[PDB]
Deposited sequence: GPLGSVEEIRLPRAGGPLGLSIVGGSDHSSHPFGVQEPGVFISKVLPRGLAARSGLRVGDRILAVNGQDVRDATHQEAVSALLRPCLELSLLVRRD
């Protein structure tokens, strides 16, 4: 397996991705340990162009661990003020 760094050069504002899951969920639809997952990537959006993929489990956001994060904790981390948005992910 591999850990992968996917970096989104933000115009910031829209990322073009959706997430499901988090530590506050006792299950997810992707792989059986709780976590936050990419559940959607808009085909012509930033995340898609940058190589993000449905099924990616988000491990960290700009260095911040989100393996155990609640859903809202992961949302807050992803919405940090504009920079390159560096996602450490794993595909189970």
| item | value |
| --- | --- |
| Chain regions without C-alpha coordinates, deposited sequence numbering | 1-3, 34 |
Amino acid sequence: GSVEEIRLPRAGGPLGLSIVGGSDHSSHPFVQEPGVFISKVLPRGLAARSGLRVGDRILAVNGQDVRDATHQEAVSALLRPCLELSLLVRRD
From here on, numbers count along this sequence of modelled residues.
| item | value |
| --- | --- |
| Unresolved residue 68 in a third or more of other entries flanked by modelled residues | no |
| Cross-entry absence of residue 33, a third or more of other PDB entries | yes |
| Mean C-alpha temperature factor, higher of 66-74 and 13-21 | 66-74 |
| Mean temperature factor over C-alpha atoms, higher-scoring stretch between 51-59 and 31-39 | 31-39 |
